[PDB]
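Below: one structure, written as structure tokens.
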Amino acid sequence: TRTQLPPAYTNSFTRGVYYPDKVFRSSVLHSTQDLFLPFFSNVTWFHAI
Amino acid sequence: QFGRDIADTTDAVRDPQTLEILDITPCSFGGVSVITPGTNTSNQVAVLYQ
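Listed in order, the protein sequences are those of chains L and B.
Note that the first sequence ends on residue 49 in the numbering used here; no numbers are left out.
Note that the second sequence ends on residue 50 in the numbering used here; no numbers are left out.
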């Protein structure tokens with residue numbers, strides 16, 4: 001057994017955005033329905049120091 | 001390997017083997033017009049394109 005620290009809750013700042021398709025686009029807006037990370041979301045922060 | 005434009009259409013496919021950027025340009029577009037200056041005073045016509 002060993003000691004441990006309580007987990008914290010951080011907040012993302014517009015993260016988790018990738019390319020939903022392999023199509024080259026330039027100067028054109030595109031919207032699709034795919035899995036992404038919401039903006040200003042609170043996730044569980046795990047420490048290991 | 002694919003690419004679109006403002007028209008949201010596929011017209012610039014990249015070759016996965018050659019790795020050369022090539023564009024798509026079809027040659028099947030336009031129409032055929034006919035010019036006939038009457039049928040009682042003239043008999044010759046002229047083909048008109050678009």
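Idealized CB from N, CA, C, for every residue including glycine.
- Under the Cβ criterion of 8 Å, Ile24 (chain B) is not counted among the residues facing chain L.
- Taking a cut-off of 8 Å on C-beta distances, the region 2 to 21 of chain B touches the region 20 to 29 of chain L, as three or more cross pairs fall below it.
- Straight through space, the alpha carbons of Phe40 (chain L) and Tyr49 (chain B) are spaced by roughly 59 Å.
- DSSP places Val17 (chain L) in the coil class of the three-state scheme, outside both helix and strand.
- Taking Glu20 (chain B) as reference, the option from B:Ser42, B:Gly31, B:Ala12 with the minimal CA-CA separation is B:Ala12.
- The alpha-carbon of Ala8 (chain L) is positioned some 12 Å away from that of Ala48 (chain L).
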